[PDB]
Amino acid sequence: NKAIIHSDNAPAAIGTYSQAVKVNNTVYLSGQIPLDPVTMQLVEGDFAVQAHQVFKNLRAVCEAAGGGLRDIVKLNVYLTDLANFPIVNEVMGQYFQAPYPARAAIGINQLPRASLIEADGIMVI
């Protein structure tokens, strides 16, 4: 049972990808960056503001997929500077409650739109 997920409260998938794909109860989430889905530009603000937007964006995809952030089982967090990770960890506390998803945090070189953070993952409802 395969389905493309789209939410108009998450940035439009421009190009050869979908916001997420759902097969039975498992949902594969595309990477989200701090795009404001309205302006299609990065939200303005410090790292924390960008992290907030990434999770708001994922939340909308999760909701469009029939669940919420609580259904995320694995989260990949890509940062241009790992020094920012404690902020990610703390912001996550506002969007997730125990039990938390598995997680991998990696310091990488570049992200789309010069973002400071991109996160993707897997959800199971």
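For every residue, the number given is its place in the sequence shown, counted from 1.
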Exercise for the section: On mean C-alpha B-factor from the PDB entry, just flag whether 64-72 or 37-45 is the higher one. Expected result: 37-45
Exercise for the section: State which stretch shows the higher mean Cα B factor in the entry: 23-31 or 47-55. Expected result: 47-55
Practice task
Go through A105, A10, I108, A102 one by one and give the residue whose Cα B-factor in the PDB entry is largest.
Solution key: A10
Problem - Top residue by Cα temperature factor, when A119, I125, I5, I122 are compared in the entry - result: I125
Handout entry: Lowest, middle or highest third - CA B-factor, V77
Key = lowest
